[PDB]
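Below you will find one chain, with nothing else, as structure tokens; this is the form whose entry title says "closed state", and questions on how it binds or moves follow later.
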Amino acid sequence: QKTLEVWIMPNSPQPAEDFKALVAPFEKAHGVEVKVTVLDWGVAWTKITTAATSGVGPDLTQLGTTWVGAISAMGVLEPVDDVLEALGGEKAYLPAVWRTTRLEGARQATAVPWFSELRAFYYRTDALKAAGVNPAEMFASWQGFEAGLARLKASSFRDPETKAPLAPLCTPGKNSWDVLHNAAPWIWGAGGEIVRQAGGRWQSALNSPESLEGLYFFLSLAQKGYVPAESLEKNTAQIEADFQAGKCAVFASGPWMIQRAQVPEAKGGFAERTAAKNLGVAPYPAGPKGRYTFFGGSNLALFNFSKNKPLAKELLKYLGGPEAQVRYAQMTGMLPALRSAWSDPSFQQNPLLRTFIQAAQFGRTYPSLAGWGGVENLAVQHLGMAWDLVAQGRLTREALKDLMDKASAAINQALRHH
């Protein structure tokens, strides 16, 4: 009759149902009830920070890897070094994954790695073929990326269901954390970054010459008509929905879309759509200073005001452990956080998934900072205003610089305090 409450984000298309089937064996072996509540990504920051400040909430909460340091810095998370030792310690994890178990420079781990994700480009094989585009040259370089989009815009190809052209590229301009995650590769590729350590402190680098170069190149794809105006007002889920509906030739996303492509519309997938029958993946192109993609995922954290700490730690060890690592990655189409589970043969057979796995050497993420929640909110707000400059025909290098100088002022405030 002993019970646990868990907060999760929508990691699969039937998230509560998938999470319940995942924990059913643990419920049987301990004779306990695990309750699950689903928080949309757009409101999860608001709801998790309120639970933290109020001292009331669940036993466990999913945390995006980029939030672990920001929640940890509030002093509301129970140490989980014991759980991670029981899962095989530092050596069981990719160094980049291990760094998401804590606030940078904290002694104690405060989250357990649950799943990994990184970004690549999904494209329509039938569209790039009709346009005469070589996917290998389109996704090899900025120049190539731009040339491929120009061909996709000039193409007379029409989706056989919609009977209408495809937008060359769709990217979300509003409301998602992905307004930051989708700009990051371009910034990094130009030799830029989101933040930089100097003058003793962390500050915004979104106004560095190289950051402006990468961000401007990204924004100018919309300026040139490769991204439709409508896309700049939309969020992640809508861009996913536009691709599934046969309206976009190319978009940036995570390994989950592969799982969706294999499942019917009734189960929140798109197996019956033209796009699922014509699905390609290519990595992010090399920029002038490097080849990068966003690498992230989600960890599980235990609030220090939980009344069932020993039982919730047993559940973290279960979810962080090999068997649940494999089953949840299968249900979600995410990559296991436990490095050993990448080698499970169920992940070796899928050709599109292999593209994601082998793209991981280009994966980069943000330092695990106390101000990071604020940085992401302000980044989403200010980058969405840069997309606005395009919708208005007002995008210039000076206007972008002025806007990123204001984003930088505000981000510097957030890195001092909450």
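In this text, residue numbers run from 1 along the sequence as written. Under this definition, the rigid core comprises the largest set of C-alpha atoms superposing within 1.5 Å between the forms.
Another form, the form whose entry title says "open state", is not on view; read the next lines as being about it.
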Study note, to complete from the structure: Shift test between this form and the one not shown (rigid core reference, C-alpha, 2 Å or more cutoff) over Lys224, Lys129, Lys309, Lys289 hits only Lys309
Review point. After superposition on the rigid core, does the Cα atom of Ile71 shift by at least 2 Å between this form and the one not shown?
Key: yes
**Study point:** Exceeds or equals 2 Å, Cα of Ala16 between this form and the one not shown, core fit
**Key:** yes
Check your understanding: Comparing between this form and the one not shown on the rigid core, is the C-alpha shift at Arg339 2 Å or larger?
Key -> yes
**Study point:** Inter-Cα distance between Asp40 and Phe251 in the other entry, nearer or further [3 Å or more]
**Key:** farther
Review point. Which way does the C-alpha gap of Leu94 and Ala136 go in the other entry, closer or farther, given it changes by 3 angstroms or more?
Key: closer
